[PDB]
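Q: If it helps, the file is called upload.cif and holds mmCIF, C-alpha atoms:
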data_data
loop_
_atom_site.group_PDB
_atom_site.id
_atom_site.type_symbol
_atom_site.label_atom_id
_atom_site.label_comp_id
_atom_site.auth_asym_id
_atom_site.auth_seq_id
_atom_site.Cartn_x
_atom_site.Cartn_y
_atom_site.Cartn_z
ATOM 1 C CA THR A 1 10.181 30.171 -20.480
ATOM 2 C CA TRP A 2 11.532 28.219 -17.453
ATOM 3 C CA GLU A 3 11.764 31.435 -15.443
ATOM 4 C CA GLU A 4 8.421 32.970 -16.579
ATOM 5 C CA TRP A 5 7.071 28.482 -15.800
ATOM 6 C CA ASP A 6 8.640 29.171 -12.437
ATOM 7 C CA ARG A 7 6.031 33.021 -12.481
ATOM 8 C CA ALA A 8 3.089 30.731 -13.289
ATOM 9 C CA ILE A 9 3.899 28.100 -10.654
ATOM 10 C CA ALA A 10 4.708 30.168 -7.548
ATOM 11 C CA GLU A 11 2.119 32.875 -8.383
ATOM 12 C CA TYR A 12 -0.947 29.217 -8.785
ATOM 13 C CA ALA A 13 0.972 27.871 -5.792
ATOM 14 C CA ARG A 14 0.009 32.049 -4.078
ATOM 15 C CA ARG A 15 -3.575 31.412 -5.199
ATOM 16 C CA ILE A 16 -3.828 27.877 -3.725
ATOM 17 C CA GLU A 17 -2.088 28.296 -0.388
ATOM 18 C CA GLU A 18 -3.823 31.614 0.369
ATOM 19 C CA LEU A 19 -7.758 29.389 -1.053
ATOM 20 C CA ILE A 20 -6.502 26.785 1.440
ATOM 21 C CA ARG A 21 -6.098 30.404 4.246
ATOM 22 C CA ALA A 22 -9.740 30.925 3.369
ATOM 23 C CA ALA A 23 -11.073 27.357 3.331
ATOM 24 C CA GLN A 24 -9.480 26.535 6.695
ATOM 25 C CA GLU A 25 -10.353 29.712 8.546
ATOM 26 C CA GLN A 26 -14.608 28.508 6.907
ATOM 27 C CA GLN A 27 -13.743 25.121 8.513
ATOM 28 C CA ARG A 28 -12.880 27.595 12.265
ATOM 29 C CA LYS A 29 -16.569 28.423 11.636
ATOM 30 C CA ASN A 30 -17.866 24.891 10.770
ATOM 31 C CA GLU A 31 -16.786 23.425 14.162
ATOM 32 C CA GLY B 1 -21.352 28.778 4.411
ATOM 33 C CA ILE B 2 -21.105 25.257 2.921
ATOM 34 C CA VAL B 3 -21.934 26.300 -0.632
ATOM 35 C CA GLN B 4 -19.335 29.116 -0.581
ATOM 36 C CA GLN B 5 -16.696 26.746 0.940
ATOM 37 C CA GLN B 6 -17.465 24.264 -1.844
ATOM 38 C CA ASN B 7 -16.733 27.035 -4.310
ATOM 39 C CA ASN B 8 -13.285 27.686 -2.740
ATOM 40 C CA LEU B 9 -12.496 23.927 -2.798
ATOM 41 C CA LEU B 10 -13.534 23.777 -6.448
ATOM 42 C CA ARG B 11 -11.301 26.788 -7.195
ATOM 43 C CA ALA B 12 -8.389 25.120 -5.361
ATOM 44 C CA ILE B 13 -8.877 21.972 -7.508
ATOM 45 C CA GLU B 14 -8.892 24.057 -10.726
ATOM 46 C CA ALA B 15 -5.712 25.934 -9.788
ATOM 47 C CA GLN B 16 -4.099 22.552 -8.831
ATOM 48 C CA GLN B 17 -5.042 21.273 -12.288
ATOM 49 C CA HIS B 18 -3.274 24.201 -13.990
ATOM 50 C CA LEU B 19 -0.278 23.632 -11.765
ATOM 51 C CA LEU B 20 -0.364 19.883 -12.707
ATOM 52 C CA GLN B 21 -0.470 20.771 -16.415
ATOM 53 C CA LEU B 22 2.650 22.913 -15.925
ATOM 54 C CA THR B 23 4.459 19.980 -14.303
ATOM 55 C CA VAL B 24 3.402 17.737 -17.201
ATOM 56 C CA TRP B 25 4.942 20.359 -19.583
ATOM 57 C CA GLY B 26 8.216 20.333 -17.585
ATOM 58 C CA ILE B 27 8.315 16.527 -17.619
ATOM 59 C CA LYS B 28 7.836 16.430 -21.405
ATOM 60 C CA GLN B 29 10.686 18.911 -21.932
ATOM 61 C CA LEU B 30 12.874 16.649 -19.804
ATOM 62 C CA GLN B 31 11.719 13.409 -21.466
ATOM 63 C CA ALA B 32 12.658 14.796 -24.939
ATOM 64 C CA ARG B 33 16.233 15.425 -23.728
ATOM 65 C CA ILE B 34 16.769 12.175 -21.732
ATOM 66 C CA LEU B 35 14.770 9.455 -23.465
ATOM 67 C CA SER B 36 14.791 7.827 -26.913
ATOM 68 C CA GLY B 37 11.499 6.564 -28.415
ATOM 69 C CA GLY B 38 8.582 5.489 -26.254
ATOM 70 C CA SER B 39 9.476 2.234 -24.499
ATOM 71 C CA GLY B 40 9.890 1.646 -20.749
ATOM 72 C CA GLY B 41 6.202 2.660 -20.386
ATOM 73 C CA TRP B 42 6.428 6.164 -21.899
ATOM 74 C CA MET B 43 4.059 5.559 -24.794
ATOM 75 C CA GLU B 44 1.353 4.467 -22.320
ATOM 76 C CA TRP B 45 2.292 7.445 -20.019
ATOM 77 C CA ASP B 46 1.572 9.945 -22.737
ATOM 78 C CA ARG B 47 -1.896 8.408 -23.447
ATOM 79 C CA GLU B 48 -2.758 8.090 -19.703
ATOM 80 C CA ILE B 49 -1.789 11.692 -18.998
ATOM 81 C CA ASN B 50 -4.251 12.644 -21.778
ATOM 82 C CA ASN B 51 -6.969 10.245 -20.523
ATOM 83 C CA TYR B 52 -6.891 11.549 -16.939
ATOM 84 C CA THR B 53 -6.559 15.176 -18.099
ATOM 85 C CA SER B 54 -9.740 14.952 -20.161
ATOM 86 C CA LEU B 55 -11.450 13.097 -17.298
ATOM 87 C CA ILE B 56 -10.506 15.871 -14.825
ATOM 88 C CA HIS B 57 -11.757 18.666 -17.193
ATOM 89 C CA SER B 58 -15.058 16.909 -17.479
ATOM 90 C CA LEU B 59 -15.358 16.507 -13.621
ATOM 91 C CA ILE B 60 -14.503 20.196 -13.147
ATOM 92 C CA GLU B 61 -17.206 21.087 -15.723
ATOM 93 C CA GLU B 62 -19.784 18.894 -13.868
ATOM 94 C CA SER B 63 -18.707 20.460 -10.552
ATOM 95 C CA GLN B 64 -19.135 24.008 -11.946
ATOM 96 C CA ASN B 65 -22.654 23.134 -13.085
ATOM 97 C CA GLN B 66 -23.595 21.694 -9.756
ATOM 98 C CA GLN B 67 -22.012 24.726 -8.085
ATOM 99 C CA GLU B 68 -24.210 27.167 -10.079
ATOM 100 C CA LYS B 69 -27.273 24.962 -9.341
ATOM 101 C CA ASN B 70 -26.542 25.024 -5.577
ATOM 102 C CA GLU B 71 -25.994 28.811 -5.592
ATOM 103 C CA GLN B 72 -29.376 29.351 -7.289
ATOM 104 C CA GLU B 73 -31.109 27.281 -4.591
ATOM 105 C CA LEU B 74 -29.646 28.722 -1.387
ATOM 106 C CA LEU B 75 -32.928 30.207 -0.285
ATOM 107 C CA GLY B 76 -34.910 26.936 -0.713
ATOM 108 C CA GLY B 77 -31.374 21.194 -0.486
ATOM 109 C CA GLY B 78 -29.052 18.736 1.303
ATOM 110 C CA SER B 79 -28.878 16.523 -1.792
ATOM 111 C CA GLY B 80 -27.233 19.164 -4.053
ATOM 112 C CA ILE B 81 -24.600 19.808 -1.375
ATOM 113 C CA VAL B 82 -23.989 16.061 -0.940
ATOM 114 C CA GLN B 83 -23.832 15.689 -4.733
ATOM 115 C CA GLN B 84 -21.233 18.479 -4.967
ATOM 116 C CA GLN B 85 -19.235 16.675 -2.361
ATOM 117 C CA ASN B 86 -19.197 13.567 -4.575
ATOM 118 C CA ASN B 87 -18.110 15.725 -7.530
ATOM 119 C CA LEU B 88 -15.220 17.260 -5.590
ATOM 120 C CA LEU B 89 -14.116 13.828 -4.341
ATOM 121 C CA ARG B 90 -14.131 12.327 -7.879
ATOM 122 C CA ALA B 91 -12.047 15.330 -9.137
ATOM 123 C CA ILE B 92 -9.553 14.841 -6.311
ATOM 124 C CA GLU B 93 -9.244 11.112 -7.108
ATOM 125 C CA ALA B 94 -8.675 11.860 -10.815
ATOM 126 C CA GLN B 95 -6.067 14.474 -9.902
ATOM 127 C CA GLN B 96 -4.362 11.901 -7.639
ATOM 128 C CA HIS B 97 -4.036 9.510 -10.602
ATOM 129 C CA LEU B 98 -2.502 12.267 -12.658
ATOM 130 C CA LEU B 99 -0.174 13.164 -9.788
ATOM 131 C CA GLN B 100 0.940 9.529 -9.439
ATOM 132 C CA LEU B 101 1.721 9.531 -13.191
ATOM 133 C CA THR B 102 3.924 12.639 -12.847
ATOM 134 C CA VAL B 103 5.673 11.071 -9.837
ATOM 135 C CA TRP B 104 6.402 7.955 -11.941
ATOM 136 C CA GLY B 105 7.759 10.091 -14.743
ATOM 137 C CA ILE B 106 10.041 12.144 -12.490
ATOM 138 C CA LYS B 107 11.354 8.932 -10.892
ATOM 139 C CA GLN B 108 12.172 7.309 -14.261
ATOM 140 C CA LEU B 109 14.019 10.417 -15.465
ATOM 141 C CA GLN B 110 15.847 10.965 -12.199
ATOM 142 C CA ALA B 111 17.140 7.335 -12.190
ATOM 143 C CA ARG B 112 18.752 7.879 -15.667
ATOM 144 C CA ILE B 113 20.728 10.971 -14.765
ATOM 145 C CA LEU B 114 21.204 11.321 -10.984
ATOM 146 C CA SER B 115 22.052 9.239 -7.961
ATOM 147 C CA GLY B 116 18.945 8.708 -5.777
ATOM 148 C CA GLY B 117 21.261 8.890 -2.761
ATOM 149 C CA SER B 118 22.073 12.613 -2.652
ATOM 150 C CA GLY B 119 20.995 16.211 -3.355
ATOM 151 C CA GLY B 120 17.699 15.937 -1.408
ATOM 152 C CA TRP B 121 16.563 12.831 -3.381
ATOM 153 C CA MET B 122 16.347 10.416 -0.413
ATOM 154 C CA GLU B 123 14.209 12.817 1.552
ATOM 155 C CA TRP B 124 12.183 13.492 -1.639
ATOM 156 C CA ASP B 125 11.513 9.818 -2.026
ATOM 157 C CA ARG B 126 10.312 9.355 1.627
ATOM 158 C CA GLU B 127 8.131 12.443 1.460
ATOM 159 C CA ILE B 128 6.525 11.196 -1.775
ATOM 160 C CA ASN B 129 5.852 7.802 -0.092
ATOM 161 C CA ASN B 130 4.425 9.488 3.044
ATOM 162 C CA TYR B 131 2.106 11.963 1.248
ATOM 163 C CA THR B 132 0.969 9.185 -1.121
ATOM 164 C CA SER B 133 -0.067 7.056 1.880
ATOM 165 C CA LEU B 134 -1.682 10.026 3.519
ATOM 166 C CA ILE B 135 -3.658 11.060 0.416
ATOM 167 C CA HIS B 136 -4.858 7.509 -0.150
ATOM 168 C CA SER B 137 -6.091 7.267 3.431
ATOM 169 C CA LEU B 138 -7.900 10.615 3.165
ATOM 170 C CA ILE B 139 -9.536 9.539 -0.128
ATOM 171 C CA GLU B 140 -10.725 6.280 1.472
ATOM 172 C CA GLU B 141 -12.080 8.151 4.496
ATOM 173 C CA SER B 142 -13.836 10.651 2.136
ATOM 174 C CA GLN B 143 -15.401 7.720 0.254
ATOM 175 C CA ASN B 144 -16.716 6.229 3.528
ATOM 176 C CA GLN B 145 -18.089 9.536 4.697
ATOM 177 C CA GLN B 146 -19.662 10.124 1.275
ATOM 178 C CA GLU B 147 -21.532 6.763 1.525
ATOM 179 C CA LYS B 148 -22.684 7.676 5.082
ATOM 180 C CA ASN B 149 -23.990 11.118 4.039
ATOM 181 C CA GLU B 150 -25.801 9.576 1.059
ATOM 182 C CA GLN B 151 -27.340 6.986 3.458
ATOM 183 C CA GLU B 152 -28.693 9.953 5.441
ATOM 184 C CA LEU B 153 -30.400 11.771 2.552
ATOM 185 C CA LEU B 154 -33.757 10.071 3.422
ATOM 186 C CA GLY B 155 -35.329 12.876 5.510
ATOM 187 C CA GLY B 156 -25.689 18.481 8.831
ATOM 188 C CA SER B 157 -22.714 17.112 10.761
ATOM 189 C CA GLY B 158 -21.700 14.448 8.169
ATOM 190 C CA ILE B 159 -21.593 17.277 5.636
ATOM 191 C CA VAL B 160 -19.235 19.427 7.705
ATOM 192 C CA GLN B 161 -16.977 16.422 8.334
ATOM 193 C CA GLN B 162 -16.818 15.730 4.540
ATOM 194 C CA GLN B 163 -15.931 19.386 3.937
ATOM 195 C CA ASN B 164 -12.985 18.786 6.267
ATOM 196 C CA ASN B 165 -12.035 15.531 4.518
ATOM 197 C CA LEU B 166 -11.966 17.205 1.079
ATOM 198 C CA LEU B 167 -9.963 20.162 2.299
ATOM 199 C CA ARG B 168 -7.349 17.952 3.946
ATOM 200 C CA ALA B 169 -7.024 15.821 0.769
ATOM 201 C CA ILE B 170 -6.498 18.993 -1.302
ATOM 202 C CA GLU B 171 -3.845 20.134 1.233
ATOM 203 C CA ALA B 172 -1.948 16.855 0.983
ATOM 204 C CA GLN B 173 -2.162 17.011 -2.825
ATOM 205 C CA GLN B 174 -0.654 20.497 -2.758
ATOM 206 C CA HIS B 175 2.357 19.132 -0.808
ATOM 207 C CA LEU B 176 2.780 16.292 -3.320
ATOM 208 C CA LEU B 177 2.527 18.849 -6.057
ATOM 209 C CA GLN B 178 5.223 21.053 -4.493
ATOM 210 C CA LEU B 179 7.455 17.896 -4.284
ATOM 211 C CA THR B 180 6.933 17.225 -7.991
ATOM 212 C CA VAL B 181 7.857 20.845 -8.856
ATOM 213 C CA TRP B 182 11.065 20.479 -6.762
ATOM 214 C CA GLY B 183 11.933 17.204 -8.528
ATOM 215 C CA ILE B 184 11.456 18.826 -11.954
ATOM 216 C CA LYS B 185 13.596 21.832 -11.093
ATOM 217 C CA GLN B 186 16.459 19.594 -9.890
ATOM 218 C CA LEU B 187 16.306 17.645 -13.151
ATOM 219 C CA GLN B 188 15.988 20.782 -15.298
ATOM 220 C CA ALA B 189 18.996 22.394 -13.588
ATOM 221 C CA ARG B 190 21.029 19.234 -14.082
ATOM 222 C CA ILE B 191 20.400 18.323 -17.699
ATOM 223 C CA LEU B 192 19.161 21.454 -19.492
#
Translate this file's structure into C-alpha cells.

A:
Amino acid sequence: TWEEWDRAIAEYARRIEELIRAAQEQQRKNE
Amino acid sequence: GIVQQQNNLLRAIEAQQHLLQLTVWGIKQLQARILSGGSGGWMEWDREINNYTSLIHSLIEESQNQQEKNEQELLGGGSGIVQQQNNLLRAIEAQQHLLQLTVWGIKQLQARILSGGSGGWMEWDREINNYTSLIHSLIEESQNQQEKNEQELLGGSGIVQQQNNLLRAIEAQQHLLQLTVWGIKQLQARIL
C-alpha cells in the first residue's frame, strides 16, 4: 500500500514534471 | 497554441489534485496513529479538506467545460480564452488552500513525534516558507494580470503573460507538493 502510494506518486509526479516539459517548451514559442 | 497550452495546464492541475488526495490519505493514516480524538483543530481540518476538495472538483469540471467550448470555437474568441484563464487561476488558488491545510497537518504531526531541528526538518521548514511566499506572490500577480486582460476585452500579449503566470504558479505548487510528500515519508518511516 505505502510502496504501491509511493507507484502512484512518483509515476503523477512523471506526468506533471514531463506536462510542465511541454508547457514550458509552448511558453519558448509564446515569446 | 494558447488553447492547447490551457489544456496542458488544466491536465497539470488535475494530476496535482490526485497527488494532493494521496497526500491527504497519507496524513490521515498518520493522524490515526499519532492523535486522539479531534481537538487541536483536527475536527475542522477534516471538514475543510472536504470543503476545498469539493470546491476544486467543481472548478476542474467548469474548466473542462470551458476547455471543450474553446476547442469547438478555434476557427471563429478572446473572451473564452480569458475566461479559461480565470478558471485555471481559481483552481490554483483552491489547490493552494488545500496545500496549506496539508502543510499544517504535517507540521502538527511532526511536532508530536520528531525534533524540528534535525533530519532535514529545518531546511524543510524554510523551503515551505519560501515556496509559500513565492506562490502567494504569483497568485497575486495572476489576479492583477487577470483584471488587466478583462479590462482589455472591449475590442494578445496580456494573454501570453497570464499563461506564463499560471504555469509558474503550477510549478511552485509542484515543489510545495514534493515537500509535503517528503514530510509524509519521514513521518511514515518514523512512526509506522

Q: Determine the residue membership of the PyMOL selection byres ((chain B) within 7 of (chain A)) for the file above and supply it as a count of residues only.

A: 7

Q: When you look at segment 136-146 of chain B with a cut-off of 8 Å (counting all atoms listed in the file), what residues show up, excluding the ones that are within fewer than 5 positions of it in the same chain? I need them as a ChimeraX atom specification.

A: /B:82,85-86,89,93,158,161-162,165-166,168-169

Q: So that I can check the surroundings of residue 102 of chain B, please list as a PDB file with C-alpha atoms, keeping the file's coordinate frame every protein, DNA and RNA residue that reaches within 8 Å of it, counting only C-alpha atoms and ignoring chain neighbours fewer than 2 positions away.

A:
ATOM      1  CA  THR B  23       4.459  19.980 -14.303  1.00  0.00           C
ATOM      2  CA  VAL B  24       3.402  17.737 -17.201  1.00  0.00           C
ATOM      3  CA  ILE B  27       8.315  16.527 -17.619  1.00  0.00           C
ATOM      4  CA  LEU B  98      -2.502  12.267 -12.658  1.00  0.00           C
ATOM      5  CA  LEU B  99      -0.174  13.164  -9.788  1.00  0.00           C
ATOM      6  CA  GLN B 100       0.940   9.529  -9.439  1.00  0.00           C
ATOM      7  CA  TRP B 104       6.402   7.955 -11.941  1.00  0.00           C
ATOM      8  CA  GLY B 105       7.759  10.091 -14.743  1.00  0.00           C
ATOM      9  CA  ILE B 106      10.041  12.144 -12.490  1.00  0.00           C
ATOM     10  CA  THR B 180       6.933  17.225  -7.991  1.00  0.00           C
TER      11      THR B 180
END

Q: To one decimal place, how far is atom CA of residue 21 of chain B from atom CA of residue 96 of chain B in Å?

A: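 Those two atoms sit 13.1 Å apart.
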
Q: Counting only C-alpha atoms, figure out which residue out of B:170, B:52, B:150, B:192 gets nearest to residue 78 of chain B.

A: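 That would be B:150, the residue with the smallest distance to residue 78 of chain B.
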
Q: My list of candidates is B:149, B:72, B:173, B:51. Which is closest to residue 16 of chain B when distances are computed with only C-alpha atoms?

A: B:173

Q: Starting from the shown file, work through the PyMOL selection byres ((chain B and resi 127) around 12) and note down what comes out as a list in words.

A: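 After applying the PyMOL selection byres ((chain B and resi 127) around 12), what remains is residues 103, 120, 121, 122, 123, 124, 125, 126, 128, 129, 130, 131, 132, 133, 134, 135, 172, 175, 176, 177, 178, 179, 180, 182 and 183 of chain B.
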
Q: Could you jot down the atom CA of residue 167 of chain B to atom CA of residue 81 of chain B separation for me, Å, one decimal place?

A: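 So the answer is 15.1 Å.
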
Q: Ranking B:26, B:7, B:63, B:37 by minimum distance to residue 3 of chain A and counting all atoms listed in the file, which one comes first?

A: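 With all atoms listed in the file as the atom set, the closest residue is B:26.
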
Q: Could you tell me, as number ranges by chain, exactly which residues end up selected when the PyMOL selection byres ((chain B and resi 65-68) around 12) is applied to this structure?

A: B: 2-11, 58-64, 69-74, 79-88

Q: Between atom CA of residue 45 of chain B and atom CA of residue 101 of chain B, what is the distance in Å, rounded to a tenth?

A: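 Between atom CA of residue 45 of chain B and atom CA of residue 101 of chain B the gap is 7.2 Å.
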
Q: Mind giving me the axis-aligned box for segment 90-97 of chain B with 8 Å on every side, centre plus edges in Å to one decimal, as JSON?

A:
{"center_x": -9.1, "center_y": 12.4, "center_z": -8.6, "size_x": 26.1, "size_y": 21.8, "size_z": 20.5}

Q: Identify which of the residues B:46, B:171, B:152, B:14 lies closest to residue 31 of chain B, counting all atoms listed in the file when measuring atom-to-atom distances.

A: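 Residue with the minimum atom-to-atom distance to residue 31 of chain B: B:46.
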
Q: Mind filling out segment 13-28 of chain A with N, CA, C and O atoms and sending it as a short mmCIF file (atom, residue, chain, number, x, y, z; two decimals), in the frame of the given file?

A:
data_model
loop_
_atom_site.label_atom_id
_atom_site.label_comp_id
_atom_site.auth_asym_id
_atom_site.auth_seq_id
_atom_site.Cartn_x
_atom_site.Cartn_y
_atom_site.Cartn_z
N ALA A 13 0.62 28.47 -7.08
CA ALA A 13 0.97 27.87 -5.79
C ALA A 13 0.66 28.73 -4.60
O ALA A 13 0.02 28.27 -3.64
N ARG A 14 1.09 29.98 -4.65
CA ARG A 14 0.01 32.05 -4.08
C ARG A 14 -1.48 31.79 -3.98
O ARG A 14 -2.05 31.69 -2.90
N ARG A 15 -2.12 31.67 -5.14
CA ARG A 15 -3.58 31.41 -5.20
C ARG A 15 -4.05 30.24 -4.31
O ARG A 15 -5.00 30.38 -3.53
N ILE A 16 -3.35 29.11 -4.40
CA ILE A 16 -3.83 27.88 -3.72
C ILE A 16 -3.66 27.96 -2.23
O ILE A 16 -4.61 27.70 -1.47
N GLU A 17 -2.45 28.28 -1.80
CA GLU A 17 -2.09 28.30 -0.39
C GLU A 17 -2.91 29.32 0.37
O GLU A 17 -3.41 29.04 1.46
N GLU A 18 -3.06 30.52 -0.23
CA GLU A 18 -3.82 31.61 0.37
C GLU A 18 -6.24 31.12 -0.16
O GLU A 18 -6.81 31.19 0.93
N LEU A 19 -6.62 30.30 -1.15
CA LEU A 19 -7.76 29.39 -1.05
C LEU A 19 -7.73 28.43 0.12
O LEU A 19 -8.71 28.33 0.83
N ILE A 20 -6.61 27.75 0.33
CA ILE A 20 -6.50 26.78 1.44
C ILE A 20 -6.46 27.45 2.82
O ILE A 20 -7.28 27.13 3.68
N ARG A 21 -5.53 28.37 3.03
CA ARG A 21 -6.10 30.40 4.25
C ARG A 21 -7.59 30.39 4.45
O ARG A 21 -8.11 30.00 5.47
N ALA A 22 -8.29 30.84 3.41
CA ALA A 22 -9.74 30.92 3.37
C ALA A 22 -10.56 29.69 3.76
O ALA A 22 -11.47 29.77 4.60
N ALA A 23 -10.26 28.55 3.13
CA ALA A 23 -11.07 27.36 3.33
C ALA A 23 -10.98 26.89 4.77
O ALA A 23 -11.97 26.45 5.34
N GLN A 24 -9.77 26.99 5.33
CA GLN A 24 -9.48 26.54 6.70
C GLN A 24 -10.00 27.44 7.80
O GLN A 24 -10.48 26.96 8.82
N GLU A 25 -9.90 28.74 7.58
CA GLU A 25 -10.35 29.71 8.55
C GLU A 25 -12.80 29.70 8.05
O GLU A 25 -13.31 29.49 9.14
N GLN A 26 -13.35 29.27 6.92
CA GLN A 26 -14.61 28.51 6.91
C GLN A 26 -14.70 27.25 7.79
O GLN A 26 -15.69 27.07 8.50
N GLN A 27 -13.68 26.39 7.76
CA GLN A 27 -13.74 25.12 8.51
C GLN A 27 -13.57 25.31 10.03
O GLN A 27 -14.39 24.81 10.81
N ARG A 28 -12.52 26.02 10.44
CA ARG A 28 -12.88 27.60 12.26
C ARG A 28 -14.39 27.50 12.41
O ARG A 28 -14.89 26.68 13.19
#
